[PDB]
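Heads up, the thing below is written out as C-alpha cells.
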Amino acid sequence: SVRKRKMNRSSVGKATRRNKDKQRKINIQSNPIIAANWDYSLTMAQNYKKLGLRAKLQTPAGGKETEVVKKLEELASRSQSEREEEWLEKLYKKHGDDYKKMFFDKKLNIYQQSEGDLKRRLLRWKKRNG
Amino acid sequence: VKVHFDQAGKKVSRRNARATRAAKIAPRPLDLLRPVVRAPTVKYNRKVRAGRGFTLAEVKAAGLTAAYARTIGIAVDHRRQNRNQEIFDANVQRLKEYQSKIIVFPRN
Amino acid sequence: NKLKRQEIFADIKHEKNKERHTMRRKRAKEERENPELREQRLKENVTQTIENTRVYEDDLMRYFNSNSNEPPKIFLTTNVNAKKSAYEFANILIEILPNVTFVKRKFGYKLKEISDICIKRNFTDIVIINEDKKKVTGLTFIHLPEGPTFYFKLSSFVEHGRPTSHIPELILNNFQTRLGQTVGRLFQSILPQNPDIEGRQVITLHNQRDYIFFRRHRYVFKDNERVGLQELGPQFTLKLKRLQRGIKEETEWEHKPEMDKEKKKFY
Amino acid sequence: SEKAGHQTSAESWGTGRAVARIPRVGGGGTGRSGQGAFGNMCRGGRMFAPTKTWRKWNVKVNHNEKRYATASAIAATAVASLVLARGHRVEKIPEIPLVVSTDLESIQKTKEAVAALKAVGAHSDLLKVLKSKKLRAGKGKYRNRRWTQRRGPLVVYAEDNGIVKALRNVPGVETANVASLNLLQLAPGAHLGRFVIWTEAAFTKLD
Amino acid sequence: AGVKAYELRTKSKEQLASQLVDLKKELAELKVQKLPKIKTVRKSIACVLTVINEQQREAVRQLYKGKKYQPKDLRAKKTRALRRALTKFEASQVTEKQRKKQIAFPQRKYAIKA
Amino acid sequence: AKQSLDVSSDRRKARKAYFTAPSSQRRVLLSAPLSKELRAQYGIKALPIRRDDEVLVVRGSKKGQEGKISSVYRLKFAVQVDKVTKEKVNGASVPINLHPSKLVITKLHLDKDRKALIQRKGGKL
RNA sequence: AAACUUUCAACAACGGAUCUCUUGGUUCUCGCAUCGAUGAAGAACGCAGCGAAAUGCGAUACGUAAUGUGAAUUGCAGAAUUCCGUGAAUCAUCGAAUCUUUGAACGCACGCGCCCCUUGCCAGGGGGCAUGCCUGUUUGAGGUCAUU
RNA sequence: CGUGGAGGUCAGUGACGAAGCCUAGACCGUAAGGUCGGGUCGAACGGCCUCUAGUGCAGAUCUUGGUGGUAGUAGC
RNA sequence: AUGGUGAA
RNA sequence: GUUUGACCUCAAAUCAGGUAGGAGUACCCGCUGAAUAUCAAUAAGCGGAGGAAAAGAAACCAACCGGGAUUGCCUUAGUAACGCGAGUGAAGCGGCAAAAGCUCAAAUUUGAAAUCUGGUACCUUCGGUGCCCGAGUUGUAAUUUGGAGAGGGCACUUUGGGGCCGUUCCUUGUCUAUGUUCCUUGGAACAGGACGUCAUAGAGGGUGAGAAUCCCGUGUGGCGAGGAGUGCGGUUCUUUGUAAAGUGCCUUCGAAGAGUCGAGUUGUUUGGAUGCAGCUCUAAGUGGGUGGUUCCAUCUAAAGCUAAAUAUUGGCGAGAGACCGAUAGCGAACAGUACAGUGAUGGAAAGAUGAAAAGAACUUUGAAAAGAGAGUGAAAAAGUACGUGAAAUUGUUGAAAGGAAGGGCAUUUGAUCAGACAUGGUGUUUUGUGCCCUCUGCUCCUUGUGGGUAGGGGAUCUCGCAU
C-alpha cells in the first residue's frame with residue numbers, strides 16, 4: 001500500500017513491538033498456592049493433573065492429594081450502634097424481659113419492632129455487655 | 001473462495017486463549033457443571049447428552065439456590081422443565097457429587 | 001539512479017577535458033614567449049615511469065663458465081617422446097650454437113649416466129629442450145664441471161632474412177643485478193666467443209623486467225652516425241627458472257607463483 | 001496477485017490499422033501507449049493460468065497406511081545392510097539395533113552426549129555430518145535454504161530429561177519420542193534404513 | 001557550543017527577553033556578511049524562545065492550578081476519540097441493585113477434586 | 001538453533017537491518033576484540049572502539065602494522081589507523097579503510113564512561 | 001586483371017541476451033486498535049554552507065524542549081574539546097514547545113469588516129468573531145391564573 | 001532427452017577457477033542431448049531415486065528490446 | 001449498464 | 001387593579017460548559033440499484049460505526065421418555081421444497097469452538113423528591129466534601145422484571161472503602177563460551193590438511209572469496225529504569241446504622257409494551273409461500289402467537305443493554321514460503337516520478353564498476369571530440385558508455401569463388417587438428433635386504449583355516465624386493 005511504502009521510506013522509524021514469545025507464556029495470577037506448584041513446562045491439563053485438579057467437567061472431546069491438602073488447610077485460615085444500645089437499654093430498664101409489654105411501649109418503641117426482633121436485639125446486647 | 005490455511009493457527013489461538021483463561025481462572029476448572037439431557041427426535045433419543053444448565057427444581061433438590069449455585073460453577077437453566085424421574089435423579093446425584101467434591105476458599 | 005549518475009559524470013568529464021585543453025593551450029602559448037618556464041615545469045614534473053621507480057670474482061667466471069682457451073662442446077638432446085617441433089627447434093639451435101652434437105634420448109640413461117658419458121667424451125655443456133604439446137615450452141643449460149645449470153621457460157616462438165655463415169656479434173643489455181649477470185655470463189660462455197665482425201651479423205640479449213629477448217639482425221651504418229637493422233628471422237623470449245646451482249641439488253633462486261605482487265624489483 | 005495485469009487501460013483497435021489485434025494501451029507521450037496488454041504472451045501482461053491460493057497443498061493419507069509406513073520404516077532399521085545402503089557410516093556399531101542405557105537420557109551437557117555417542121560407535125556418522133555441509137545449489141541460496149547437510153543419527157527416548165536439548169545443537173543428530181516415531185525422520189527422502197539409537201527403556205516401551 | 005538550556009532555566013523573563021534581543025541583533029549583523037556562527041546564534045535564539053515559552057506555559061498552568069475547565073491548549077493531546085469513551089469513573093459506575101447482588105453473591109474461587 | 005519466536009532468521013531482513021542500522025547501533029556493530037594480553041588484564045573479550053584506541057592489524061596486506069586510530073567511519077563501517085595510509089600517484093596520502101573485526105586493540109583509551117562500561121561488562125581495572 | 005557481388009577463420013563496433021546476486025515484489029500465518037475543530041487526509045511557499053530526487057522541518061523552520069548511548073559527521077569547506085565530560089550524533093527514545101498560506105476550513109464575499117489590548121489625531125504588539133444541535137446564566141416580548 | 005524448485009545420497013565439484021559464452025576440435029547415442037580438448041569470464045554448481053510445474057518454439061498481419069537492404073535515396 | 005468529463 | 005405578581009410560549013448574547021460535518025473504507029449496518037425466469041438483493045451510487053460489526057438471552061425448535069442466548073464449522077445435504085425444463089436451494093435434531101445474564105413500563109417513599117446537572121472554596125483531582133443555583137411532581141432515587149414479585153410474623157445466616165509493598169501486563173537498557181594456532185595457495189583465507197575448545201549457544205548477518213570459535217548475534221538465566229491496574233498475597237487506617245441482603249416456614253396481596261396484533265389491497269423479496277412497504281378498517285385479557293387430529297404441545301410480541309467462539313486484499317507491529325527473480329515479481333528493486341490530454345484520466349524506460357577510487361599524477365596532438373605515451377590497480381580482455389560480453393548487423397586482414405545462392409550421396413586438392421613421459425612380460429646367475437629361517441617376547445577379541453607389534457643371531461636364498 002502507499003502508506004506502508006511511505007512509512008518504510010520515512011525517517012520516523014517503525015514502532016517495533018516484539019511480543020510473539022509472550023503469547024506462549026502465561027503466568028498464573030489468581031492463586032498463590034498454584035503459582036508455587038504450577039510448572040510452565042507442562043500443559044494446562046498436565047499441570048492440573050499434577051496439582052490434582054480437574055481441568056474439564058464434561059466429557060472432553062478427542063482422546064486423552066499432596067497438593068490439594070494445602071488447599072483444604074487454607075479453608076481453616078457485627079455489633080450494635082451506640083444509639084441502638086441506648087435505645088435497647090431504655091426498653092430493658094422500662095420493661096425488663098416483658099417482651100409483650102415492651103411491644104406496646106408507645107413512647108420508647110418509636111419503631112414498631114416485632115417481639116422477635118426486640119428479643120434478639122436484647123439477647124445480643126446482653127451477650128455483648130451483660 | 002476461502003481456504004482454511006489458519007486451521008493450525010486457529011487451533012493455536014484457541015489453545016492460547018484457554019491457557020490465558022486458566023491463568024486468570026487457575027483455581028476453577030474453566031467449565032460450569034452441566035446436567036444430563038435426553039434428546040428429542042427418536043433417531044437420537046437413545047443418546048444422552050449434556051445440557052445448558054440445571055433446572056430450578058433440580059437445584060432446589062440439590063440443597064442450594066440458583067444464585068449461590070452460579071457462583072460455585074453450576075449452570076442454571078430456568079427454561080427447561082422436568083418430566084422424567086430418572087433424569088431428575090441423575091442430575092441430583094451429579095449436583096450432590098459436585099458439591100461434595102468442590103472446595104471453596106474463604107472470602108476473608 | 002543510473003541515469004543521474006551517468007549524466008552527471010558525462011558532463012563532468014566534458015568540462016574537465018575542456019579545462020585541460022584550454023590550460024594546455026594557454027601554457028604552451030605563454031611558454032613560447034618564456035622558454036625557461038617550460039624547462040622549469042618539465043623539471044618539476046617527472047613522468048614516474050615504472051623503470052624510474054625500481055625498488056633499489058674472476059675465479060668464479062673461469063671455474064663455472066667456458067673460456068677462450070678451450071672452445072666449449074655443448075651436448076644437445078631432447079626430452080623423451082619428442083616430436084617434429086622439438087627437432088625443428090633443434091635445427092635453429094644447431095644454426096646458432098657453435099659446436100653441437102645431437103643424440104636421441106635413450107629413455108633410461110639417468111641424468112647421472114648422461115653426465116658421466118659426457119665427461120667421458122669431454123663435453124662442456126648440456127642443453128635439452130622439453131615439450132608438452134606440439135610447441136617448445138622450456139629450455140635448459142647445464143655446465144659439466146661443478147654442475148652449474150639454468151632452466152629457462154620458452155614462449156612466443158615465431159619463425160625474415162637468411163643468416164650468413166658468419167658468427168654473430170654478442171651484445172648483452174640490462175644485466176646489472178648480480179643474478180642477472182650470472183645469466184649474462186652463461187650466455188656469453190655458451191654462445192660463440194670469437195667475433196668475426198665482417199659480415200655484419202649480431203646476436204643480442206635484452207632483458208627489461210624478467211624476460212630476455214633474443215633476436216638476430218643485420219646492421220649497416222650510414223654517414224649520419226646511425227645504424228639501421230633488419231629482422232633476421234626468429235623471435236625469441238626466455239624466462240629464467242629454478243636457478244639450481246647444481247645438477248639438481250641446492251636450488252638458490254627458484255621462482256614461486258607467489259612473487260610478482262610487488263610489481264617491482266625486476267628479478 | 002490477482003490485480004496484476006488488470007492495472008492497465010487498453011482496447012483492441014479492431015482492424016484497418018494493419019497491426020496485431022491484441023489490445024493496446026491508449027493515450028500517448030508516456031511510451032507505454034500502443035503496447036500489448038492483457039495478453040499472456042505480452043510483456044508485463046497477465047500470465048496464463050495464474051497460480052491461485054486454493055490449489056491443493058495437503059494430501060489426505062489413511063491412518064492405517066500411515067501406521068504401516070511407520071512400521072516398515074522402523075523395521076528397515078534392523079537390517080545393517082539396508083542401513084548401510086542408506087549412506088550412514090554404521091560400519092563400526094557394536095550391535096544393531098543399537099541399545100543404550102537409560103542414563104543417556106539424563107545427560108544435560110552436549111560435551112558429554114557427543115562423547116558418549118563417539119564412544120558407542122556413532123563417531124563415524126557425526127564425522128560424516130559437519131563435513132558434507134555444502135552451500136545450497138540453485139536459487140535456494142537466498143530463500144532461507146542457504147545451507148544443507150546429510151542427516152545424522154536418530155536418538156529415540158522414552159522420557160525427556162535434557163537429552164533433547166543437549167543433542168539439538170550437534171549437527172545431524174535428531175531426537176524423537178517412541179510415541180511419535182516420525183516417519184519423515186525415520187526415512188528421510190523416502191529412503192528406508194536410517195541409523196537409529198534406542199535406549200533400553202525405549203526398547204521395552206516399543207513393545 | 002552555543003547557549004545551554006539548563007543555564008537559561010533560572011533566568012527571568014526580562015533577562016531572557018534581553019538575551020533574545022541581543023541574539024537577534026547578532027544574527028542581523030551576521031546576515032550582512034553571509035560562517036558557522038550564524039547557525040550557533042540561530043540555535044541560541046530558538047533555545048531562548050523555547051525557554052521563554054516553557055516558562056510562560058508553566059505560569060499559565062499555575063494560574064489555572066486545580067480549577068476546572070483549564071484552557072484547551074494545556075489539555076491532553078491524546079486523541080479525539082479518548083476524550084469521549086467515558087472515563088474510568090463513568091464506566092465503573094454501577095447501579096445500587098447490581099452492587100447489592102454482587103455483595104450478596106460474589107464470584108467465589110473454587111477447585112473440584114474433593 | 002534459535003528458539004525465540006520474536007527473532008527472525010530471514011536473510012533479507014537481517015541484510016536490510018545491517019545496512020540501515022543507525023549510527024548508535026553501528027557503534028555496537030563496530031566492535032573489535034582485545035589482545036590476549038589485554039584480555040587477561042581487563043577480563044573482557046571485546047569492547048567498542050574509539051579514536052584514541054590503539055589497534056593492531058591481524059588480516060589483510062597490512063598484517064603486523066599498528067598505530068593509533070584517527071577516525072571511526074560508521075557510515076562506511078570502516079575505521080582508520082594512524083600511519084596506515086595509501087600512496088597515490090600524485091603523492092596525496094589517503095588512509096586505508098579497515099574493519100574493526102579484523103584488528104586487535106593493543107591499548108585502550110580510558111575515560112569515565114569507558115571505565116563504567118568495563119565494570120558493567122564484568123571487567124576489572 | 002584490378003575494382004566489385006558472395007561463403008568462412010581472426011581482429012574491430014552495437015545490445016545487454018546467457019550465468020551470479022539484491023535494502024524488491026507477491027503469497028501464507030500471528031498480536032493489537034491507533035485520524036479530526038485542543039483544527040484529519042491533501043495542496044502551495046520557504047528552511048541545510050554548498051542541493052537534483054527522497055526524508056525532515058515551519059520565521060524557534062533537514063529543527064527547539066527533555067532522557068539514554070558515551071567522542072563524532074563526512075561528497076567538499078567549515079566546528080572544535082577540556083573529549084576523565086549535565087555532553088558532539090543527519091544516533092535512539094520522545095511524554096514538553098514552535099507549528100507559514102490553503103485545505104471539514106471557520107470574520108463577510110464573490111477583495112476585506114468588528115471586540116480586545118497594548119508600547120508610543122493615529123499606529124506597532126497578542127488572541128478570537130463560520131453553520132446544525134445539548135445543559136446552564138442574562139435580557140426582551142406575548143396566552144392563562146391571581147389583583148379589596 | 002532437457003529446465004525452475006524441493007526431500008534424500010555422493011564425509012561430491014570449485015580461487016591450483018563453479019556457472020555462462022565462444023570454439024574450420026574430439027568422443028558417445030537412431031535422437032531429444034551428455035561428455036571432454038583450447039580462449040574470456042568470475043563464485044557458485046553438479047553424478048543418481050523420487051516429488052513438484054508459470055518446464056522445451058519457426059511463424060499466431062504475436063509482445064518487449066536490438067539491427068540490416070531500401071539509401072547516403074525521396075527530401076531539406 | 002453504473003458513475004463522471006467537456007461541449008451553447 | 002386606568003395596577004402588581006405566578007408561570008407557559010417565543011426570540012436574542014462575539015454569554016459559560018459541550019458535541020456534529022470530513023478523511024479512510026478489506027470486513028460490518030441501512031437505502032437504492034442495471035447490463036416476466038437467468039447473470040442479481042451482484043456491478044456502480046449514497047448514508048452510518050468498530051477493532052471487529054450485526055444478532056443475542058424465544059409470542060423459539062419440535063410432536064419427542066423432549067431440547068432451552070446469539071454466533072461460526074462439519075453433518076443434516078445437493079435432501080425437503082420450488083421452478084419439475086434448463087436450474088435455485090433451505091432449516092430442526094446430532095458433534096465441535098466459546099458460554100453470562102440482565103435493565104425499564106407496569107400495583108404510594110407520602111412518616112418527609114429521600115434524585116440529579118451546574119457555580120463556588122478546599123483535598124487524597126478520570127473524583128469527594130460544605131454551601132448556593134437550576135431540572136424534577138406532566139415523576140428524579142431504592143424496592144419487582146414472570147425464574148414471579150410485594151406488606152408483615154417465626155428461627156437463623158451474611159456483609160464494605162481508601163493507601164503501601166509485592167504479583168501480573170506494557171515500554172525499555174544491560175551481563176551472561178570457545179583459535180584467529182601451524183602448513184599449502186591466493187591480492188585478500190571466510191578455501192584444503194593437522195592440532196585444539198563451547199554447544200539449553202552449529203538460526204542469521206558483516207568482516208579484501210563458503211567462518212561456531214573476529215565481531216554483531218542466538219540458548220538459558222540475573223540485574224535494572226518509566227507507566228496500567230486492582231486479576232490477588234501480605235501490609236495499614238476505617239467501619240455502625242436500631243444499615244442492606246439471603247435461607248426455611250406461616251400469613252395478606254399479586255401490574256404485564258394499541259394506530260399495536262390482525263384482515264383487505266397495492267409495489268417488493270424469496271427456490272421459502274413468509275417477510276418487507278403506501279393506505280380504508282382495526283382486535284382481547286383465565287387474553288394473544290406458533291403447530292394436528294374434540295381440542296393437546298410451547299412461549300408471552302408490539303422496549304432496551306450485554307465480552308467469548310465469527311469476517312478482515314484498509315492501519316500499526318511481527319514469524320514464514322517446494323512463490324517470482326530487472327522483458328519475472330505490485331505499473332514502480334533505481335514511480336504514481338517524467339510525460340500526454342482544456343479536463344475527468346492514462347502512465348512508462350531505468351539495478352550491479354572496482355576490496356577500497358587506488359576514479360588515469362605527469363608528458364604530449366588537438367578552438368572541441370577525445371587520442372598516444374605513463375602509471376594506479378588481481379585483472380582497465382573491470383576506465384564512472386564500468387560484475388560476463390552471443391546473434392541479427394557493420395569495417396579491416398586472409399583464403400576461396402563469381403543475370404545467383406542454399407541442401408543430400410561418393411571423393412581429390414588446399415588449410416588444419418588428434419595420433420602411447422608404453423619402454424613391458426617370462427626362466428635362468430651373482431650380491432644386500434625384509435614381513436625370510438631360528439630363539440626370546442608383548443598385544444586385541446573371542447576360541448577362531450586369526451590379526452597387530454618387538455629384542456638377539458644369516459645370507460639354504462627367489463618366500464618378496466633391489467641389483
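Just so we're on the same page: first chain in the C-alpha cells is A, next is B, and so on; residues restart at 1 for each chain, and ligands are numbered from 1 in the order they show up.
Every residue of chain E that lies within 9 Å of chain A is listed here, counting only C-alpha atoms: residues 109, 111, 112, 113 and 114 of chain E.
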Write the residues of the preceding selection, restricted to N, CA, C and O atoms, as a PDB file, in the first residue's frame.
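Writing done, so here's again.pdb:
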ATOM      1  N   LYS E 109     -13.968 -18.404  44.395  1.00  0.00           N
ATOM      2  CA  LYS E 109     -12.882 -19.197  43.833  1.00  0.00           C
ATOM      3  C   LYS E 109     -12.949 -20.602  44.415  1.00  0.00           C
ATOM      4  O   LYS E 109     -13.094 -20.767  45.631  1.00  0.00           O
ATOM      5  N   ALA E 111     -12.081 -25.145  43.526  1.00  0.00           N
ATOM      6  CA  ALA E 111     -11.469 -26.209  42.745  1.00  0.00           C
ATOM      7  C   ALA E 111     -12.255 -27.490  42.977  1.00  0.00           C
ATOM      8  O   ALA E 111     -12.903 -27.655  44.013  1.00  0.00           O
ATOM      9  N   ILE E 112     -12.201 -28.395  42.006  1.00  0.00           N
ATOM     10  CA  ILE E 112     -13.003 -29.618  42.027  1.00  0.00           C
ATOM     11  C   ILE E 112     -12.037 -30.796  42.065  1.00  0.00           C
ATOM     12  O   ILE E 112     -11.621 -31.319  41.026  1.00  0.00           O
ATOM     13  N   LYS E 113     -11.665 -31.218  43.266  1.00  0.00           N
ATOM     14  CA  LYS E 113     -11.030 -32.516  43.473  1.00  0.00           C
ATOM     15  C   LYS E 113     -11.668 -33.302  44.608  1.00  0.00           C
ATOM     16  O   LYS E 113     -11.800 -34.524  44.505  1.00  0.00           O
ATOM     17  N   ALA E 114     -12.078 -32.631  45.680  1.00  0.00           N
ATOM     18  CA  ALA E 114     -12.652 -33.303  46.840  1.00  0.00           C
ATOM     19  C   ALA E 114     -13.158 -32.280  47.851  1.00  0.00           C
ATOM     20  O   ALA E 114     -14.345 -32.247  48.175  1.00  0.00           O
TER      21      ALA E 114
END
What's the 9 Å shell around stretch 20-29 of chain H, counting only C-alpha atoms (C1' of nucleotides), without same-chain residues fewer than 4 positions away, as an NGL selection string? (:G and (8-9 or 18-19)) or (:H and (33-41)) or (:J and (388-390 or 415-418))
Would you mind listing, for every residue of chain B within 6 Å of chain A, the two atoms forming the shortest contact and the distance between them in Å to one decimal, using only C-alpha atoms, sorted by chain and ascending residue number, as JSON lines?
{"residue": "B:23", "atom": "CA", "partner": "A:28", "partner_atom": "CA", "distance": 4.3}
{"residue": "B:24", "atom": "CA", "partner": "A:30", "partner_atom": "CA", "distance": 5.6}
{"residue": "B:26", "atom": "CA", "partner": "A:30", "partner_atom": "CA", "distance": 6.0}
{"residue": "B:29", "atom": "CA", "partner": "A:55", "partner_atom": "CA", "distance": 4.7}
{"residue": "B:105", "atom": "CA", "partner": "A:75", "partner_atom": "CA", "distance": 5.6}
{"residue": "B:106", "atom": "CA", "partner": "A:75", "partner_atom": "CA", "distance": 6.0}
Name all residues at most 10 Å from residue H:2 (count only C-alpha atoms (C1' of nucleotides); drop same-chain ones fewer than 3 positions away) and give them as a list in words.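 The residues satisfying every condition are residues 32, 33, 55 and 56 of chain H.
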Please report the interatomic distance between atom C1' of residue J:27 and atom CA of residue D:6 in Å with one decimal.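 Result for atom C1' of residue J:27 versus atom CA of residue D:6: 23.6 Å, one decimal.
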Based on only C-alpha atoms (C1' of nucleotides), which of the residues in chain J come within 8 Å of chain B? I want them as a list in words.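 Applying the cut-off to the listed atoms yields residues 62, 64, 65, 66, 67, 68, 93, 94, 147 and 231 of chain J.
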Contacts of residue D:198 at 8 Å (only C-alpha atoms (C1' of nucleotides); same-chain gap of 4+ positions) as number ranges by chain: D: 97-100, 155-157, 202-203
Could you list, as a PyMOL selection string, every residue within 10 Å of stretch 247-263 of chain C, counting only C-alpha atoms (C1' of nucleotides) and ignoring same-chain residues fewer than 6 positions away? (chain C and resi 50+54-55+111-112+115+142-151+179+209+240-241) or (chain J and resi 185-187+378)
Starting from chain J, keep only residues with some atom at most 8 Å from an atom of chain D, counting only C-alpha atoms (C1' of nucleotides), and report them as JSON, numbers by chain. {"J": [199, 200, 202, 210, 327, 330, 331, 339, 340, 341, 346, 347, 348]}
Kindly save the residues from that selection, with C-alpha atoms (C1' of nucleotides) included, as a PDB file, in the first residue's frame.
ATOM      1  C1'   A J 199      27.458 -26.100  22.447  1.00  0.00           C
ATOM      2  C1'   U J 200      19.722 -25.305  26.715  1.00  0.00           C
ATOM      3  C1'   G J 202      26.360 -25.323  14.506  1.00  0.00           C
ATOM      4  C1'   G J 210      31.854 -20.883   1.731  1.00  0.00           C
ATOM      5  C1'   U J 327      11.008  -8.296 -20.781  1.00  0.00           C
ATOM      6  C1'   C J 330       2.875  -4.570  -7.424  1.00  0.00           C
ATOM      7  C1'   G J 331       2.610  -0.014 -13.056  1.00  0.00           C
ATOM      8  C1'   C J 339       5.410  12.576 -19.834  1.00  0.00           C
ATOM      9  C1'   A J 340       0.305  13.228 -22.942  1.00  0.00           C
ATOM     10  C1'   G J 341      -4.522  15.083 -22.526  1.00  0.00           C
ATOM     11  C1'   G J 346      -3.757   7.297 -18.873  1.00  0.00           C
ATOM     12  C1'   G J 347       1.275   6.384 -17.499  1.00  0.00           C
ATOM     13  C1'   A J 348       6.352   4.405 -18.658  1.00  0.00           C
TER      14        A J 348
END
